[PDB]
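Coordinates as given in start-v1.cif (mmCIF, C-alpha atoms):
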```
data_input
#
loop_
_atom_site.label_atom_id
_atom_site.label_comp_id
_atom_site.auth_asym_id
_atom_site.auth_seq_id
_atom_site.Cartn_x
_atom_site.Cartn_y
_atom_site.Cartn_z
CA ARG L 13 -2.23 -20.65 -17.53
CA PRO L 14 -3.79 -17.18 -17.76
CA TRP L 15 -7.29 -16.61 -16.43
CA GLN L 16 -10.32 -17.22 -18.64
CA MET L 17 -13.63 -15.44 -19.08
CA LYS L 18 -15.32 -17.35 -16.25
CA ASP L 19 -12.66 -16.37 -13.70
CA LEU L 20 -12.99 -12.69 -14.57
CA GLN L 21 -16.78 -12.90 -14.49
CA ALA L 22 -16.69 -14.47 -11.02
CA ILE L 23 -14.15 -11.93 -9.76
CA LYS L 24 -16.30 -9.02 -10.91
CA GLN L 25 -19.61 -10.50 -9.74
CA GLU L 26 -18.43 -11.42 -6.24
CA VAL L 27 -17.33 -7.82 -5.61
CA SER L 28 -20.01 -5.93 -7.52
CA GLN L 29 -21.52 -4.34 -4.41
CA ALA L 30 -18.31 -3.43 -2.57
CA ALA L 31 -16.34 -0.28 -3.38
CA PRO L 32 -12.82 -0.13 -4.83
CA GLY L 33 -10.25 -0.59 -2.09
CA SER L 34 -12.70 -2.02 0.43
CA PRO L 35 -11.34 -4.95 2.48
CA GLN L 36 -13.51 -7.39 0.50
CA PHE L 37 -12.33 -6.10 -2.87
CA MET L 38 -8.75 -6.10 -1.64
CA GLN L 39 -9.07 -9.70 -0.45
CA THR L 40 -10.46 -10.96 -3.75
CA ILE L 41 -8.16 -8.96 -6.03
CA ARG L 42 -5.09 -9.90 -3.98
CA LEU L 43 -6.05 -13.56 -4.15
CA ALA L 44 -6.50 -13.36 -7.93
CA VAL L 45 -3.18 -11.59 -8.45
CA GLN L 46 -1.29 -14.00 -6.20
CA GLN L 47 -2.99 -17.06 -7.76
CA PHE L 48 -2.86 -16.46 -11.53
CA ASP L 49 0.60 -14.81 -11.59
CA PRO L 50 -0.21 -12.29 -14.35
CA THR L 51 1.98 -9.72 -16.06
CA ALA L 52 1.22 -6.00 -16.45
CA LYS L 53 -0.84 -6.51 -19.62
CA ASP L 54 -3.31 -8.85 -17.94
CA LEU L 55 -3.54 -6.55 -14.92
CA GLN L 56 -4.45 -3.65 -17.21
CA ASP L 57 -7.13 -5.80 -18.84
CA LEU L 58 -8.51 -6.71 -15.41
CA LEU L 59 -8.62 -3.08 -14.27
CA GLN L 60 -10.39 -2.01 -17.47
CA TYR L 61 -12.98 -4.73 -16.88
CA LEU L 62 -13.54 -3.90 -13.22
CA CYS L 63 -13.59 -0.12 -12.73
CA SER L 64 -14.44 2.79 -14.99
CA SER L 65 -12.07 5.17 -16.75
CA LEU L 66 -12.03 7.53 -13.75
CA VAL L 67 -10.88 4.87 -11.28
CA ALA L 68 -8.52 3.56 -13.94
CA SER L 69 -6.91 6.99 -14.28
CA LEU L 70 -6.62 7.50 -10.53
CA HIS L 71 -4.98 4.09 -10.10
CA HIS L 72 -2.73 4.86 -13.06
CA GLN L 73 -1.47 8.04 -11.40
CA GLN L 74 -1.01 6.41 -8.00
CA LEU L 75 0.85 3.46 -9.50
CA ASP L 76 3.02 5.83 -11.51
CA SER L 77 4.05 7.52 -8.26
CA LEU L 78 4.63 4.20 -6.47
CA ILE L 79 6.69 2.71 -9.30
CA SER L 80 8.48 6.06 -9.45
CA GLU L 81 9.69 5.87 -5.87
CA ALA L 82 10.34 2.12 -5.97
CA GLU L 83 12.55 2.03 -9.05
CA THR L 84 14.14 5.42 -8.36
CA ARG L 85 15.43 3.93 -5.11
CA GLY L 86 16.95 1.07 -7.09
CA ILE L 87 15.68 -2.50 -7.10
CA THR L 88 17.57 -5.79 -7.10
CA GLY L 89 16.28 -7.00 -10.47
CA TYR L 90 15.59 -3.69 -12.24
CA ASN L 91 18.07 -2.62 -14.92
CA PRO L 92 16.97 0.77 -16.33
CA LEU L 93 18.92 0.33 -19.60
CA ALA L 94 16.42 -2.17 -21.04
CA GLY L 95 13.01 -0.52 -20.66
CA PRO L 96 10.31 0.66 -18.27
CA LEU L 97 9.16 -1.61 -15.47
CA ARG L 98 5.90 -2.07 -17.40
CA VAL L 99 7.91 -3.83 -20.14
CA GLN L 100 10.29 -5.83 -17.96
CA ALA L 101 7.29 -7.17 -16.03
CA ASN L 102 5.98 -8.48 -19.37
CA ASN L 103 9.06 -10.67 -19.95
CA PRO L 104 8.47 -14.09 -18.32
CA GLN L 105 12.16 -14.30 -17.28
CA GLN L 106 11.94 -11.37 -14.81
CA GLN L 107 9.63 -12.77 -12.15
CA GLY L 108 11.04 -10.38 -9.55
CA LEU L 109 9.87 -7.41 -11.59
CA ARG L 110 6.52 -9.13 -12.09
CA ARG L 111 5.98 -9.62 -8.36
CA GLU L 112 7.06 -6.05 -7.61
CA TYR L 113 4.63 -4.81 -10.26
CA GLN L 114 1.82 -6.88 -8.75
CA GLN L 115 2.47 -5.52 -5.25
CA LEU L 116 2.72 -1.90 -6.41
CA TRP L 117 -0.50 -2.43 -8.36
CA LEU L 118 -2.45 -3.79 -5.41
CA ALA L 119 -1.14 -1.17 -2.98
CA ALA L 120 -1.95 1.64 -5.41
CA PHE L 121 -5.46 0.33 -5.96
CA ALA L 122 -5.93 0.01 -2.18
CA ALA L 123 -4.81 3.62 -1.64
CA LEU L 124 -7.88 5.05 -3.42
CA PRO L 125 -10.43 5.66 -0.61
CA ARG C 13 -4.45 -30.57 -7.54
CA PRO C 14 -4.23 -27.19 -5.80
CA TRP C 15 -7.50 -25.28 -5.70
CA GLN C 16 -8.31 -22.76 -8.42
CA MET C 17 -10.43 -19.61 -8.15
CA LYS C 18 -13.72 -21.50 -8.25
CA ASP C 19 -13.02 -23.70 -5.22
CA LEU C 20 -11.91 -20.86 -2.95
CA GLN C 21 -14.71 -18.59 -4.15
CA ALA C 22 -17.22 -21.26 -3.21
CA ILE C 23 -15.55 -21.83 0.17
CA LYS C 24 -15.84 -18.13 0.95
CA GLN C 25 -19.42 -18.08 -0.37
CA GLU C 26 -20.63 -20.70 2.11
CA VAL C 27 -18.31 -19.45 4.88
CA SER C 28 -19.83 -15.97 4.68
CA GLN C 29 -22.83 -16.25 7.01
CA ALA C 30 -21.06 -18.01 9.88
CA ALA C 31 -18.24 -16.67 12.06
CA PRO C 32 -14.86 -18.27 12.81
CA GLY C 33 -15.04 -21.09 15.33
CA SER C 34 -18.71 -21.79 14.62
CA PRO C 35 -19.51 -25.40 13.67
CA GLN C 36 -20.21 -24.53 10.02
CA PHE C 37 -16.96 -22.60 9.51
CA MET C 38 -14.85 -25.40 10.95
CA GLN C 39 -16.84 -28.04 9.06
CA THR C 40 -16.16 -26.39 5.71
CA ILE C 41 -12.51 -25.59 6.47
CA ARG C 42 -11.78 -29.13 7.65
CA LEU C 43 -13.45 -30.62 4.59
CA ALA C 44 -11.47 -28.41 2.21
CA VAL C 45 -8.16 -29.10 3.94
CA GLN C 46 -8.75 -32.86 4.19
CA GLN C 47 -9.69 -32.93 0.50
CA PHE C 48 -7.06 -30.81 -1.25
CA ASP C 49 -4.21 -31.58 1.19
CA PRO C 50 -2.78 -28.04 0.95
CA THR C 51 0.61 -26.98 2.24
CA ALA C 52 1.30 -23.89 4.36
CA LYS C 53 1.38 -21.62 1.30
CA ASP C 54 -2.15 -22.47 0.18
CA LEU C 55 -3.42 -22.44 3.77
CA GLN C 56 -2.16 -18.90 4.32
CA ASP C 57 -3.71 -17.86 1.00
CA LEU C 58 -7.06 -19.31 2.08
CA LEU C 59 -6.92 -17.54 5.44
CA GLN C 60 -6.05 -14.18 3.91
CA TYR C 61 -8.96 -14.72 1.54
CA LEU C 62 -11.61 -15.62 4.10
CA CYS C 63 -11.44 -13.39 7.16
CA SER C 64 -10.23 -9.94 8.15
CA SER C 65 -6.62 -9.19 9.04
CA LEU C 66 -7.45 -9.14 12.76
CA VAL C 67 -8.73 -12.73 12.69
CA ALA C 68 -5.72 -13.82 10.63
CA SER C 69 -3.37 -12.26 13.19
CA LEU C 70 -5.21 -13.95 16.06
CA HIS C 71 -5.06 -17.28 14.23
CA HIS C 72 -1.34 -16.89 13.61
CA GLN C 73 -0.72 -16.13 17.29
CA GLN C 74 -2.56 -19.32 18.23
CA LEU C 75 -0.76 -21.26 15.50
CA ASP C 76 2.66 -20.07 16.65
CA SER C 77 1.74 -21.16 20.17
CA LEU C 78 0.66 -24.61 18.95
CA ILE C 79 3.70 -25.07 16.71
CA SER C 80 6.12 -24.04 19.46
CA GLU C 81 4.42 -26.44 21.87
CA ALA C 82 4.62 -29.30 19.36
CA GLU C 83 8.27 -28.68 18.47
CA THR C 84 9.21 -28.66 22.16
CA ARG C 85 7.22 -31.85 22.73
CA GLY C 86 8.52 -33.41 19.50
CA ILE C 87 7.14 -34.19 16.06
CA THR C 88 7.43 -37.56 14.36
CA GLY C 89 9.34 -36.37 11.29
CA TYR C 90 10.40 -32.83 12.20
CA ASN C 91 14.11 -32.25 11.58
CA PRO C 92 14.98 -28.66 12.60
CA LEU C 93 18.36 -28.83 10.82
CA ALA C 94 16.79 -27.64 7.55
CA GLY C 95 14.03 -25.17 8.48
CA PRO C 96 10.90 -24.61 10.54
CA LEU C 97 7.73 -26.64 10.13
CA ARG C 98 6.48 -23.49 8.39
CA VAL C 99 9.10 -24.19 5.70
CA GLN C 100 9.17 -27.99 6.08
CA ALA C 101 5.50 -28.24 5.05
CA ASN C 102 6.20 -26.67 1.63
CA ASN C 103 8.34 -29.61 0.51
CA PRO C 104 6.00 -32.12 -1.18
CA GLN C 105 7.96 -35.12 0.19
CA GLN C 106 7.12 -34.37 3.86
CA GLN C 107 3.48 -35.44 4.07
CA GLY C 108 3.65 -35.94 7.84
CA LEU C 109 4.75 -32.37 8.51
CA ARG C 110 2.09 -31.04 6.14
CA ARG C 111 -0.74 -32.96 7.82
CA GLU C 112 0.51 -31.98 11.28
CA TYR C 113 0.52 -28.34 10.21
CA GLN C 114 -3.01 -28.70 8.83
CA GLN C 115 -4.22 -30.15 12.13
CA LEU C 116 -2.61 -27.38 14.19
CA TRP C 117 -4.17 -24.90 11.76
CA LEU C 118 -7.66 -26.31 12.26
CA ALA C 119 -7.20 -26.47 16.04
CA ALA C 120 -5.95 -22.88 16.29
CA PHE C 121 -8.90 -21.74 14.18
CA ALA C 122 -11.34 -23.70 16.35
CA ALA C 123 -9.92 -22.21 19.56
CA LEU C 124 -10.30 -18.53 18.63
CA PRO C 125 -13.33 -17.99 20.93
#
```

Take the structure in this file and express it as structure tokens.
Amino acid sequence: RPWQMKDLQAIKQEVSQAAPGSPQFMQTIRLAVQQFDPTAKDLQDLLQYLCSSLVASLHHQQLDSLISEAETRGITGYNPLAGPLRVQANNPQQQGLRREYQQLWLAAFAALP
Amino acid sequence: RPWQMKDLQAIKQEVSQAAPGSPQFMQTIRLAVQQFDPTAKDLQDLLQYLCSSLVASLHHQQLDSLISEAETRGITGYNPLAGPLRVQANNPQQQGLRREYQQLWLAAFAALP
């Protein structure tokens, strides 16, 4: 049950005025992420739709650092012999990795301003 | 029939002008809750969506007060040998607990000011 075009259109329109990482944007994006239960691929699509290449790159770097610390510590469900967290989160049998990816994503995007 | 994006986005759209505790806010919240019959999970999602973190924290303080009072006084179908009302309202076969939690939710929201 992935999102459709209308959901993305509403998500972008409702937060057109606000700035990335504002409390309003964080509310709406967090609700979307917690409601649709998407993988990393869909999150990348959503970010490309919402913010430009500059904000995309900044979030990419911040999320790289956050994932770096998180999975360098060691995580309950992460096994580094199978692939990067971006790929484990895309397997529907690793929901723990998917939820960790979602939370790192939202925190990284909130850490912009 | 848990609410999708569109329902919650509407709810926030018409709960934007008014402030918590005002007649309009409570009217809309009570209608939504009485219609969709949401558990504690969906209620917490809706609250995080609507108002700032400060208002959510205030509401949860009031809700903890109400729930503690009710558990001391006694609930019709509350059995504390399995988990708190908080967790007993997530089981779909406990309608009484769920409706009681919804009513305490609405009361605690109405008593913020």

Please, can I see chain L fitted onto chain C by all in-order Cα atoms (least squares), as a CSV table (one decimal) with C-alpha atoms, keeping the file's coordinate frame?
```
chain,number,residue,atom,x,y,z
L,13,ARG,CA,-4.1,-30.5,-8.0
L,14,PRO,CA,-4.4,-27.3,-6.0
L,15,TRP,CA,-7.7,-25.6,-5.6
L,16,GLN,CA,-8.9,-23.0,-8.2
L,17,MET,CA,-10.8,-19.7,-8.0
L,18,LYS,CA,-14.2,-21.4,-8.1
L,19,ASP,CA,-13.4,-23.7,-5.1
L,20,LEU,CA,-12.3,-20.7,-3.0
L,21,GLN,CA,-15.3,-18.7,-4.0
L,22,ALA,CA,-17.7,-21.5,-3.0
L,23,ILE,CA,-15.9,-22.0,0.3
L,24,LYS,CA,-16.1,-18.3,1.2
L,25,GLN,CA,-19.7,-17.9,0.0
L,26,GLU,CA,-21.1,-21.0,1.8
L,27,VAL,CA,-19.8,-19.7,5.1
L,28,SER,CA,-20.3,-16.0,4.7
L,29,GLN,CA,-22.9,-15.7,7.4
L,30,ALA,CA,-21.3,-17.9,10.0
L,31,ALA,CA,-18.6,-16.7,12.4
L,32,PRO,CA,-15.0,-17.9,12.5
L,33,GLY,CA,-14.7,-21.1,14.5
L,34,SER,CA,-18.5,-21.9,14.3
L,35,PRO,CA,-19.3,-25.6,13.8
L,36,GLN,CA,-20.4,-24.8,10.2
L,37,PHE,CA,-17.2,-23.0,9.4
L,38,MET,CA,-15.1,-25.7,11.0
L,39,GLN,CA,-16.9,-28.4,9.0
L,40,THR,CA,-16.4,-26.7,5.7
L,41,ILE,CA,-12.8,-25.6,6.3
L,42,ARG,CA,-11.8,-29.0,7.7
L,43,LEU,CA,-13.3,-30.7,4.6
L,44,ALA,CA,-11.4,-28.3,2.3
L,45,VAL,CA,-8.1,-28.9,4.1
L,46,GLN,CA,-8.6,-32.7,4.2
L,47,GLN,CA,-9.7,-32.8,0.5
L,48,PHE,CA,-7.2,-30.6,-1.3
L,49,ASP,CA,-4.1,-31.5,0.7
L,50,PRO,CA,-2.5,-28.1,0.7
L,51,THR,CA,0.8,-26.9,2.1
L,52,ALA,CA,1.3,-23.9,4.4
L,53,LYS,CA,1.5,-21.4,1.5
L,54,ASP,CA,-1.9,-22.2,0.2
L,55,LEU,CA,-3.4,-22.2,3.8
L,56,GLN,CA,-2.0,-18.7,4.3
L,57,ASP,CA,-3.6,-17.6,1.0
L,58,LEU,CA,-6.9,-19.2,2.1
L,59,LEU,CA,-6.8,-17.4,5.5
L,60,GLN,CA,-6.1,-14.0,3.8
L,61,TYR,CA,-9.0,-14.5,1.5
L,62,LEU,CA,-11.4,-15.6,4.3
L,63,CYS,CA,-10.9,-13.4,7.4
L,64,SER,CA,-9.5,-9.9,7.9
L,65,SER,CA,-6.1,-8.9,9.2
L,66,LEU,CA,-7.3,-9.0,12.8
L,67,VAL,CA,-8.5,-12.6,12.7
L,68,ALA,CA,-5.4,-13.5,10.6
L,69,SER,CA,-3.2,-12.1,13.4
L,70,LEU,CA,-5.0,-13.9,16.1
L,71,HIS,CA,-4.8,-17.2,14.3
L,72,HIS,CA,-1.2,-16.5,13.6
L,73,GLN,CA,-0.4,-16.1,17.3
L,74,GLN,CA,-2.5,-19.1,18.3
L,75,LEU,CA,-0.8,-21.3,15.7
L,76,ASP,CA,2.6,-20.1,16.7
L,77,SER,CA,1.8,-21.3,20.2
L,78,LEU,CA,0.4,-24.6,19.0
L,79,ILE,CA,3.4,-25.3,16.7
L,80,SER,CA,5.6,-24.2,19.5
L,81,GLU,CA,4.4,-26.8,21.9
L,82,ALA,CA,4.1,-29.5,19.2
L,83,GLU,CA,7.6,-29.3,17.8
L,84,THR,CA,9.2,-28.5,21.2
L,85,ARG,CA,7.9,-31.8,22.4
L,86,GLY,CA,9.6,-33.5,19.4
L,87,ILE,CA,7.8,-35.0,16.4
L,88,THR,CA,8.4,-38.1,14.5
L,89,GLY,CA,9.2,-36.4,11.2
L,90,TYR,CA,10.5,-33.0,12.3
L,91,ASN,CA,14.2,-32.4,12.1
L,92,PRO,CA,15.0,-28.9,13.5
L,93,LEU,CA,18.3,-28.7,11.6
L,94,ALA,CA,16.7,-28.0,8.2
L,95,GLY,CA,14.2,-25.2,8.8
L,96,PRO,CA,11.0,-24.1,10.5
L,97,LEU,CA,7.9,-26.3,10.3
L,98,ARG,CA,6.4,-23.7,7.9
L,99,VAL,CA,9.2,-24.6,5.4
L,100,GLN,CA,9.3,-28.3,5.9
L,101,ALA,CA,5.5,-28.4,5.3
L,102,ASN,CA,6.2,-26.7,1.9
L,103,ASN,CA,8.4,-29.6,0.7
L,104,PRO,CA,6.1,-32.2,-0.9
L,105,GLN,CA,8.3,-35.1,0.5
L,106,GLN,CA,7.4,-34.4,4.1
L,107,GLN,CA,3.7,-35.3,4.2
L,108,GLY,CA,3.8,-35.9,7.9
L,109,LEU,CA,4.8,-32.3,8.5
L,110,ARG,CA,2.1,-31.2,6.1
L,111,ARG,CA,-0.6,-33.1,7.9
L,112,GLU,CA,0.6,-31.9,11.3
L,113,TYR,CA,0.6,-28.3,10.0
L,114,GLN,CA,-3.0,-28.7,8.7
L,115,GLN,CA,-4.2,-30.1,12.0
L,116,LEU,CA,-2.5,-27.3,14.1
L,117,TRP,CA,-3.9,-24.8,11.6
L,118,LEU,CA,-7.5,-26.0,12.0
L,119,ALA,CA,-7.3,-26.4,15.8
L,120,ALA,CA,-5.9,-22.9,16.1
L,121,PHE,CA,-8.5,-21.4,13.9
L,122,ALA,CA,-11.2,-23.2,15.9
L,123,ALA,CA,-9.8,-21.9,19.2
L,124,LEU,CA,-10.8,-18.3,18.4
L,125,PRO,CA,-14.3,-17.9,20.0
```

Item checked: Residues matched by the PyMOL selection byres ((chain L) within 12 of (chain C)) as a PyMOL selection string -> chain L and resi 13-16+18-27+34-48

Saved selection, atoms kept: C-alpha atoms, as a tab-separated table (two decimals), keeping the file's coordinate frame:
```tsv
chain	number	residue	atom	x	y	z
L	13	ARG	CA	-2.23	-20.65	-17.53
L	14	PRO	CA	-3.79	-17.18	-17.76
L	15	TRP	CA	-7.29	-16.61	-16.43
L	16	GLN	CA	-10.32	-17.22	-18.64
L	18	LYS	CA	-15.32	-17.35	-16.25
L	19	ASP	CA	-12.66	-16.37	-13.70
L	20	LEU	CA	-12.99	-12.69	-14.57
L	21	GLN	CA	-16.78	-12.90	-14.49
L	22	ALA	CA	-16.69	-14.47	-11.02
L	23	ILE	CA	-14.15	-11.93	-9.76
L	24	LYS	CA	-16.30	-9.02	-10.91
L	25	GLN	CA	-19.61	-10.50	-9.74
L	26	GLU	CA	-18.43	-11.42	-6.24
L	27	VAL	CA	-17.33	-7.82	-5.61
L	34	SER	CA	-12.70	-2.02	0.43
L	35	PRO	CA	-11.34	-4.95	2.48
L	36	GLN	CA	-13.51	-7.39	0.50
L	37	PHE	CA	-12.33	-6.10	-2.87
L	38	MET	CA	-8.75	-6.10	-1.64
L	39	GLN	CA	-9.07	-9.70	-0.45
L	40	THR	CA	-10.46	-10.96	-3.75
L	41	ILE	CA	-8.16	-8.96	-6.03
L	42	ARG	CA	-5.09	-9.90	-3.98
L	43	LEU	CA	-6.05	-13.56	-4.15
L	44	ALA	CA	-6.50	-13.36	-7.93
L	45	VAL	CA	-3.18	-11.59	-8.45
L	46	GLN	CA	-1.29	-14.00	-6.20
L	47	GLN	CA	-2.99	-17.06	-7.76
L	48	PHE	CA	-2.86	-16.46	-11.53
```

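If you measure from each of C:31, C:67, C:52, C:122 to residue C:109 using all atoms listed in the file, the closest one turns out to be C:52.
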
Notebook entry, point to check: Counting all atoms listed in the file, which of C:69, C:114, C:125, C:106 gets nearest to residue C:88?
Noted result: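 Checking each candidate against residue C:88, we get C:106 as the closest.
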
Item checked: Spatial neighbours of residue C:74, max dist 12 Å, all atoms listed in the file, sep filter under 6 positions, as a ChimeraX atom specification -> /C:67-68,80-81,116-125

Could you work out an axis-aligned bounding box for all listed atoms of stretch 80-99 of chain L, with 6 Å added on each of the six sides, and give its centre and edge lengths in Å to one decimal, as JSON?
```
{"center_x": 12.4, "center_y": -0.5, "center_z": -13.1, "size_x": 25.0, "size_y": 25.1, "size_z": 27.9}
```

Item checked: Selected residue, from L:30, L:66, L:108, L:59, that lies nearest to residue L:87 when counting only C-alpha atoms ->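 The closest residue to residue L:87 is L:108.
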
Next item on the list: List, as a PyMOL selection string, every residue that the PyMOL selection byres ((chain C and resi 107) around 12) selects in the file provided.
Entry: chain C and resi 49-52+88-90+97+100-106+108-114

Checklist line | Computed interatomic separation between atom CA of residue C:76 and atom CA of residue C:96 (Å) | finding: 11.2 Å

Next item on the list: In Å, rounded to a single decimal, give me how far atom CA of residue L:56 is from atom CA of residue L:86.
Entry: 24.1 Å

Notebook entry, point to check: Distance atom CA of residue L:79-atom CA of residue L:92, one decimal place?
Noted result: 12.6 Å
